[PDB]
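Presented below is the structure to which this report refers.
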Amino acid sequence: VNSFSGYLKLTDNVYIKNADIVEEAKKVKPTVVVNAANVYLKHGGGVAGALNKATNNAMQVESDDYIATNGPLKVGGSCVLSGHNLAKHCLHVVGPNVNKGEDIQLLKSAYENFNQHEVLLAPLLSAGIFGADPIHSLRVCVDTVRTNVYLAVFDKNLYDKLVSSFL
Ligand SMILES: O=c1[nH]c2cc(Cl)ccc2o1
């Protein structure tokens with residue numbers, strides 16, 4: 001049994017809700033929240049900008065030190081950093097950004113990072129300002145992630161479309 005409330009069950013391991021990921025993290029304090037990161041961990045906008053704002057910029061300060069030591073992530077890659085006031089840990093995952101011309105096949109590699117964590121609160125990778133089709137992102141999630149994932153969808157309209165169209 002866990003804390004997550006109000007989710008629709010899509011599969012054995014994937015659950016979805018129309019919710020503010022920031023507000024959901026604040027309520028649940030999950031072990032892992034996933035950030036929709038870029039390779040520079042520059043949390044300007046989208047999910048990343050919202051998560052970082054909710055940490056009062058402490059996520060960005062920590063991320064800048066991580067990059068200064070380790071250099072950029074790979075597209076499809078991840079790192080584990082603090083969850084600050086939102087979660088125990090934040091898994092920063094880089095999905096491909098279609099608005100930069102990145103290979104959408106890297107979306108599966110991105111979701112494979114979730115399998116290193118038994119339970120996660122996450123957004124749909126490469127959705128929103130990363131330019132991918134969220135329906136496709138949900139399909140790759142279901143077909144890749146084997147651990148228990150609780151997906152938060154920002155738009156109510158999009159949430160309803162993802163549920164109605166789910167095979
Ligand atoms: O809380 C949130 N969720 C979000 C989802 C997208 Cl795509 C963008 C900004 C967001 O801020």
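Residue indices begin at 1 and follow the sequence shown. All values below come from the heavy atoms of this structure, side chains included, with hydrogens, waters and symmetry mates left out.
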Item to complete: For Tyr40, check ring-ring contact (aromatic ring centres under 6.0 Å, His included) against everything at least two apart and list the hits.
Response: none
Fill in: Qualifying residues under side chain to side chain contact (heavy atoms under 4.5 Å, CB included), relative to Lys100, sequence neighbours excluded
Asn38, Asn97, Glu102
Discussion item. Please evaluate residues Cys90 and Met59 with respect to the criterion side chain to side chain contact (heavy atoms under 4.5 Å, CB included), reporting the C-alpha separation (whole Å), side-chain torsions for both, the decisive distance (0.1 Å), and the verdict.
Written reply: CA-CA 9 Å; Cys90 179; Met59 178 181 284; 3.9 Å; yes
Response to the item:
Here the pair of heavy atoms bringing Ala152 nearest to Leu121 is CB-CD1, 4.3 Å
Worksheet item: Among side-chain atoms of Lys108 and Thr144, is any donor-acceptor pair under 3.5 angstrom?
Response: yes
Discussion item. Considering only residues two or more places apart or on different chains, which pairs with a residue in residues 112-125 satisfy side-chain hydrogen bond (donor to acceptor under 3.5 Å, both in side chains)?
Written reply: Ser78-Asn113
Item to complete: Go through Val153 and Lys17 one step at a time and tell me if the side chain to side chain contact (heavy atoms under 4.5 Å, CB included) criterion holds.
Response: CA-CA 6 Å; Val153 175; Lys17 186 184 179 177; over 6 Å; no
Worksheet item: Can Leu81 be reached from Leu51 by stepping across I, L, V, M, F, W or Y side chains whose heavy atoms are under 4.5 Å apart?
Response: no
Fill in: Path from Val142 to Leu8 over hydrophobic side-chain contacts below 4.5 Å
yes
Worksheet entry | side chain to side chain contact (heavy atoms under 4.5 Å, CB included) evaluation trace for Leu151 with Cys141 | CA-CA 10 Å; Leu151 294 169; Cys141 181; 4.1 Å; yes
Worksheet, complete the sentence: In short, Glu24 meets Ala19 closest at the heavy-atom pair OE1-CB, 4.0 Å
Fill in: Side-chain hydrophobic cluster, 4.5 Å single linkage: members besides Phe154
none
Worksheet item: Which ILVMFWY residues are connected to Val1, directly or by a chain of links, through side-chain heavy atoms under 4.5 Å apart?
Response: none
Worksheet item: Does CG in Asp160 sit with more than 12 non-hydrogen atoms of other residues, nucleotides or ligands closer than 6.0 Å?
Response: yes
Worksheet, complete the sentence: For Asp155, the side chain to side chain donor-acceptor pair (under 3.5 Å) test, sequence neighbours excluded, returns none
Worksheet, complete the sentence: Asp64 meets the side chain to side chain donor-acceptor pair (under 3.5 Å) criterion, sequence neighbours left out, with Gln60
Worksheet, complete the sentence: CG of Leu162 to CG of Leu124, rounded to nearest 0.5 Å, is 6.0 Å
Discussion item. Could you measure the distance from the CG atom of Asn148 to the CG atom of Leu120? Nearest 0.5 Å is fine.
Written reply: 8.5 Å
Discussion item. With clusters defined by side-chain heavy atoms of hydrophobic residues (ILVMFWY) lying less than 4.5 Å apart, directly or transitively, does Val22 cluster with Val47?
Written reply: yes
Discussion item. Show the nearest heavy-atom pair for residues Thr147 and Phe114, with the distance to one decimal.
Written reply: OG1-O, 3.0 Å
Without placing hydrogens or testing angles, list every side-chain donor-acceptor pair under 3.5 Å for residues 126-138, not counting sequence neighbours.
| residue | atom | partner | partner atom | Å |
| --- | --- | --- | --- | --- |
| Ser126 | OG | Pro96 | O | 2.7 |
| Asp133 | OD1 | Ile135 | N | 3.0 |
| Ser137 | OG | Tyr111 | OH | 2.7 |
| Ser137 | OG | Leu125 | N | 3.4 |
| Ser137 | OG | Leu125 | O | 2.6 |

Item to complete: Report yes if the side chains of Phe166 and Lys161 come closer than 4.5 Å at any heavy-atom pair, otherwise no.
Response: no
Worksheet entry | Residue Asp12 excluded, over 12 heavy atoms near CG under 6.0 Å | no
Practice prompt. List in chain and number order the residues that pass side chain to side chain contact (heavy atoms under 4.5 Å, CB included) with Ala48, two or more places apart in sequence or in another chain; answer none if no residue qualifies.
Written response: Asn35, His43
Worksheet item: Is there a side chain to side chain contact (heavy atoms under 4.5 Å, CB included) between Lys26 and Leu86 once you walk through the steps?
Response: CA-CA 5 Å; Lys26 279 198 289 185; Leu86 302 180; 3.8 Å; yes
Worksheet item: Same hydrophobic cluster for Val119 and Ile21, using side-chain heavy-atom links shorter than 4.5 Å among ILVMFWY?
Response: yes
Discussion item. Going by ring-ring contact (aromatic ring centres under 6.0 Å, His included), name the residues that satisfy it together with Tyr15, two or more places apart in sequence or in a different chain.
Written reply: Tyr150
Worksheet entry | From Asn2 atom CG to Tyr7 atom OH, the distance as rounded to the nearest 0.5 Å | 9.0 Å
Worksheet entry | Contacts of type side chain to side chain donor-acceptor pair (under 3.5 Å), residue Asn13, not counting sequence neighbours | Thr11
Worksheet item: Is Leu91 reachable from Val140 through a run of I, L, V, M, F, W or Y residues, each pair having side-chain heavy atoms under 4.5 Å apart?
Response: yes
Practice prompt. Compare all side-chain heavy atoms of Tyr66 with those of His92 and state whether any distance is below 4.5 angstrom.
Written response: no
Worksheet item: Taking only residues two or more places apart in sequence, or in another chain, which ones meet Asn57 in a side chain to side chain donor-acceptor pair (under 3.5 Å)?
Response: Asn52
